[PDB]
>>> print(open('target35.pdb').read())   # PDB, C-alpha atoms
MODEL        1
ATOM      1  CA  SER A   1      14.683  11.555  -1.580
ATOM      2  CA  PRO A   2      16.873  12.485  -4.562
ATOM      3  CA  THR A   3      20.507  11.472  -4.898
ATOM      4  CA  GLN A   4      23.358  12.836  -7.002
ATOM      5  CA  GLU A   5      26.780  11.539  -8.006
ATOM      6  CA  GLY A   6      30.190  13.171  -7.978
ATOM      7  CA  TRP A   7      32.782  14.652  -5.642
ATOM      8  CA  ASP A   8      31.946  18.315  -6.239
ATOM      9  CA  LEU A   9      28.415  19.291  -5.206
ATOM     10  CA  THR A  10      28.726  23.063  -4.909
ATOM     11  CA  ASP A  11      25.374  24.830  -5.377
ATOM     12  CA  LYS A  12      23.436  21.569  -5.722
ATOM     13  CA  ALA A  13      21.899  20.967  -2.285
ATOM     14  CA  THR A  14      18.197  20.147  -2.463
ATOM     15  CA  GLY A  15      15.379  20.888  -0.035
ATOM     16  CA  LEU A  16      12.856  18.841   1.908
ATOM     17  CA  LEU A  17       9.369  17.772   0.833
ATOM     18  CA  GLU A  18       6.594  16.069   2.815
ATOM     19  CA  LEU A  19       3.296  15.264   1.129
ATOM     20  CA  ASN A  20      -0.118  15.050   2.784
ATOM     21  CA  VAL A  21      -3.384  13.149   2.443
ATOM     22  CA  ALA A  22      -6.661  14.122   4.108
ATOM     23  CA  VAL A  23      -9.504  11.923   5.340
ATOM     24  CA  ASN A  24     -12.926  13.484   5.776
ATOM     25  CA  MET A  25     -16.378  12.648   7.128
ATOM     26  CA  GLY A  26     -19.650  11.655   5.496
ATOM     27  CA  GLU A  27     -23.328  12.171   6.225
ATOM     28  CA  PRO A  28     -25.124  10.223   8.966
ATOM     29  CA  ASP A  29     -27.140   7.191   7.929
ATOM     30  CA  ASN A  30     -30.508   6.966   9.635
ATOM     31  CA  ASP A  31     -33.463   4.715  10.318
ATOM     32  CA  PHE A  32     -36.559   6.760  11.155
ATOM     33  CA  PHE A  33     -40.118   5.584  11.790
ATOM     34  CA  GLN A  34     -43.076   6.357  14.033
ATOM     35  CA  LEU A  35     -45.915   4.461  15.666
ATOM     36  CA  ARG A  36     -49.140   5.262  17.485
ATOM     37  CA  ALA A  37     -49.804   4.070  21.023
ATOM     38  CA  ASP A  38     -52.454   1.604  19.862
ATOM     39  CA  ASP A  39     -49.810  -0.098  17.702
ATOM     40  CA  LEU A  40     -47.528  -0.821  20.680
ATOM     41  CA  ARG A  41     -49.871  -3.353  22.282
ATOM     42  CA  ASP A  42     -48.133  -6.202  20.434
ATOM     43  CA  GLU A  43     -44.651  -4.636  20.221
ATOM     44  CA  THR A  44     -43.284  -7.524  18.133
ATOM     45  CA  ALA A  45     -43.089  -5.642  14.835
ATOM     46  CA  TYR A  46     -41.245  -2.849  16.650
ATOM     47  CA  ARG A  47     -38.433  -5.153  17.782
ATOM     48  CA  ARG A  48     -38.254  -6.834  14.383
ATOM     49  CA  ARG A  49     -37.988  -3.424  12.742
ATOM     50  CA  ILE A  50     -35.082  -2.579  15.051
ATOM     51  CA  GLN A  51     -33.301  -5.770  13.990
ATOM     52  CA  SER A  52     -33.940  -5.066  10.309
ATOM     53  CA  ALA A  53     -32.629  -1.538  10.821
ATOM     54  CA  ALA A  54     -29.343  -2.843  12.188
TER      55      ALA A  54
ATOM     56  CA  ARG B   1      16.926   3.780   1.229
ATOM     57  CA  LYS B   2      17.586   5.645  -2.022
ATOM     58  CA  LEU B   3      21.341   5.073  -1.823
ATOM     59  CA  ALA B   4      20.746   1.340  -1.426
ATOM     60  CA  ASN B   5      18.429   1.436  -4.442
ATOM     61  CA  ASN B   6      21.095   3.252  -6.467
ATOM     62  CA  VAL B   7      23.616   0.532  -5.618
ATOM     63  CA  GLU B   8      21.110  -2.072  -6.796
ATOM     64  CA  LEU B   9      20.557  -0.216 -10.068
ATOM     65  CA  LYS B  10      24.290   0.106 -10.703
ATOM     66  CA  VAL B  11      24.884  -3.607 -10.148
ATOM     67  CA  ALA B  12      22.016  -4.534 -12.463
ATOM     68  CA  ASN B  13      23.147  -2.145 -15.191
ATOM     69  CA  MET B  14      26.766  -3.284 -15.060
ATOM     70  CA  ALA B  15      25.637  -6.901 -15.328
ATOM     71  CA  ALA B  16      23.395  -6.152 -18.302
ATOM     72  CA  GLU B  17      25.993  -4.029 -20.092
ATOM     73  CA  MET B  18      29.060  -6.253 -19.643
ATOM     74  CA  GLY B  19      27.241  -9.490 -20.392
ATOM     75  CA  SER B  20      28.956 -11.453 -23.144
ATOM     76  CA  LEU B  21      26.688 -14.523 -23.063
ATOM     77  CA  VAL B  22      23.722 -13.306 -25.084
ATOM     78  CA  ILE B  23      20.753 -15.678 -25.214
ATOM     79  CA  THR B  24      18.380 -14.454 -27.900
ATOM     80  CA  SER B  25      14.823 -15.394 -28.819
ATOM     81  CA  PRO B  26      12.770 -14.382 -31.877
ATOM     82  CA  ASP B  27       9.576 -14.105 -29.813
ATOM     83  CA  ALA B  28       8.193 -13.238 -26.395
ATOM     84  CA  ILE B  29       8.404 -15.709 -23.532
ATOM     85  CA  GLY B  30       4.692 -16.296 -23.262
ATOM     86  CA  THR B  31       4.571 -17.621 -26.819
ATOM     87  CA  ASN B  32       5.541 -21.299 -26.727
ATOM     88  CA  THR B  33       4.878 -23.885 -24.053
ATOM     89  CA  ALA B  34       8.162 -23.769 -22.131
ATOM     90  CA  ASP B  35       9.912 -20.656 -23.417
ATOM     91  CA  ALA B  36      10.978 -19.714 -19.900
ATOM     92  CA  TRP B  37      12.513 -23.125 -19.278
ATOM     93  CA  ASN B  38      14.083 -23.192 -22.734
ATOM     94  CA  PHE B  39      15.456 -19.725 -22.130
ATOM     95  CA  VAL B  40      17.048 -20.474 -18.756
ATOM     96  CA  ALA B  41      18.265 -23.760 -20.239
ATOM     97  CA  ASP B  42      19.937 -21.992 -23.151
ATOM     98  CA  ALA B  43      21.765 -19.909 -20.569
ATOM     99  CA  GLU B  44      22.839 -23.076 -18.750
ATOM    100  CA  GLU B  45      23.847 -24.820 -21.983
ATOM    101  CA  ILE B  46      26.064 -21.990 -23.165
ATOM    102  CA  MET B  47      27.685 -21.791 -19.744
ATOM    103  CA  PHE B  48      28.302 -25.551 -19.795
ATOM    104  CA  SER B  49      29.686 -25.773 -23.340
ATOM    105  CA  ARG B  50      31.945 -22.769 -22.826
ATOM    106  CA  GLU B  51      33.349 -24.672 -19.812
ATOM    107  CA  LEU B  52      32.951 -21.777 -17.410
ATOM    108  CA  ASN B  53      33.647 -22.099 -13.717
ATOM    109  CA  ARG B  54      30.363 -22.230 -11.800
TER     110      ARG B  54
ENDMDL
END
>>> encode(input="target35.pdb", output="structure tokens")
Amino acid sequence: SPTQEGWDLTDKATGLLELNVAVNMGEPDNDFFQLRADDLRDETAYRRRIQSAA
Amino acid sequence: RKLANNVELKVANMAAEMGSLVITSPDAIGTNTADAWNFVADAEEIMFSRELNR
């Protein structure tokens, strides 16, 4: 806010001002892979890949 | 808030303007080992020798 000095303030009244700031959104971050059914017999690498993805 | 700040500014400016006890240094405070102490202590010394009420 602005302030002024003096008794007489005719024709010196100010206005009001409110500023703004905007937050936005990014792109999704992904982890994408595929496997064949014959590769799911052990299933260990799959779980370890999930952990590494996190 | 701004009116309080204006009061603060006025007090500071009046102090600086109507200050008789000038403590002067030829160089910036970071220069010698204890310039800040010496500088406060010059203030204290001139107040003591002038026999001011503290």
>>> closest_residue(input="target35.pdb", among="A:11, A:18, A:42, A:5", to="chain B", atoms="all atoms listed in the file")
A:5
>>> resolve_selection(input="target35.pdb", expression="the PyMOL selection byres ((chain B) within 10 of (chain A))", output="ChimeraX atom specification")
/B:1-3,6
>>> atom_distance(input="target35.pdb", atom1="CA of residue 30 (chain A)", atom2="CA of residue 53 (chain A)")
8.8 Å
>>> residues_around(input="target35.pdb", residues="residue 43 (chain B)", least_positions_apart="3", cutoff="9 Å", atoms="only C-alpha atoms", output="list in words")
residues 21, 22, 23, 38, 39, 40, 46, 47 and 48 of chain B
>>> atom_distance(input="target35.pdb", atom1="CA of residue 26 (chain B)", atom2="CA of residue 42 (chain B)")
13.6 Å
>>> residues_around(input="target35.pdb", residues="region 44-51 of chain A", least_positions_apart="6", cutoff="10 Å", atoms="all atoms listed in the file", output="list in words")
residues 31, 33, 34 and 35 of chain A
>>> atom_distance(input="target35.pdb", atom1="CA of residue 51 (chain B)", atom2="CA of residue 32 (chain B)")
28.9 Å
>>> axis_aligned_box(input="target35.pdb", around="region 30-48 of chain A", padding_each_side="4 Å", output="JSON")
{"center_x": -41.5, "center_y": -0.3, "center_z": 16.0, "size_x": 29.9, "size_y": 22.5, "size_z": 20.6}
>>> build_atoms(input="target35.pdb", residues="region 26-42 of chain B", atoms="N, CA and C atoms", output="compact mmCIF listing (two decimals), in the coordinates of the input")
# COMPACT_ATOMS: atom_id res chain seq x y z
N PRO B 26 13.53 -15.15 -30.88
CA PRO B 26 12.77 -14.38 -31.88
C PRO B 26 11.41 -13.91 -31.40
N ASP B 27 10.94 -14.38 -30.24
CA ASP B 27 9.58 -14.10 -29.81
C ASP B 27 9.50 -14.01 -28.29
N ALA B 28 8.39 -13.47 -27.82
CA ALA B 28 8.19 -13.24 -26.40
C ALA B 28 8.08 -14.56 -25.64
N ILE B 29 8.34 -14.50 -24.34
CA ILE B 29 8.40 -15.71 -23.53
C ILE B 29 7.04 -16.37 -23.37
N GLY B 30 5.96 -15.61 -23.39
CA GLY B 30 4.69 -16.30 -23.26
C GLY B 30 4.24 -17.08 -24.47
N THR B 31 5.04 -17.10 -25.54
CA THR B 31 4.57 -17.62 -26.82
C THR B 31 4.44 -19.14 -26.80
N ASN B 32 5.55 -19.85 -26.63
CA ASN B 32 5.54 -21.30 -26.73
C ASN B 32 5.47 -21.90 -25.33
N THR B 33 5.32 -23.23 -25.28
CA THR B 33 4.88 -23.88 -24.05
C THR B 33 5.87 -23.70 -22.91
N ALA B 34 7.16 -23.86 -23.18
CA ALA B 34 8.16 -23.77 -22.13
C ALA B 34 9.28 -22.82 -22.54
N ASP B 35 8.91 -21.63 -23.02
CA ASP B 35 9.91 -20.66 -23.42
C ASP B 35 10.77 -20.22 -22.25
N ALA B 36 10.19 -20.10 -21.06
CA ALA B 36 10.98 -19.71 -19.90
C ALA B 36 12.00 -20.79 -19.55
N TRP B 37 11.57 -22.05 -19.53
CA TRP B 37 12.51 -23.12 -19.28
C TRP B 37 13.56 -23.18 -20.37
N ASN B 38 13.13 -23.14 -21.63
CA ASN B 38 14.08 -23.19 -22.73
C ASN B 38 15.08 -22.06 -22.65
N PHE B 39 14.67 -20.94 -22.09
CA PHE B 39 15.46 -19.73 -22.13
C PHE B 39 16.52 -19.77 -21.03
N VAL B 40 16.10 -20.16 -19.83
CA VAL B 40 17.05 -20.47 -18.76
C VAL B 40 17.99 -21.61 -19.17
N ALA B 41 17.46 -22.60 -19.88
CA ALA B 41 18.26 -23.76 -20.24
C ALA B 41 19.27 -23.43 -21.32
N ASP B 42 18.95 -22.50 -22.22
CA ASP B 42 19.94 -21.99 -23.15
C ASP B 42 21.06 -21.30 -22.41
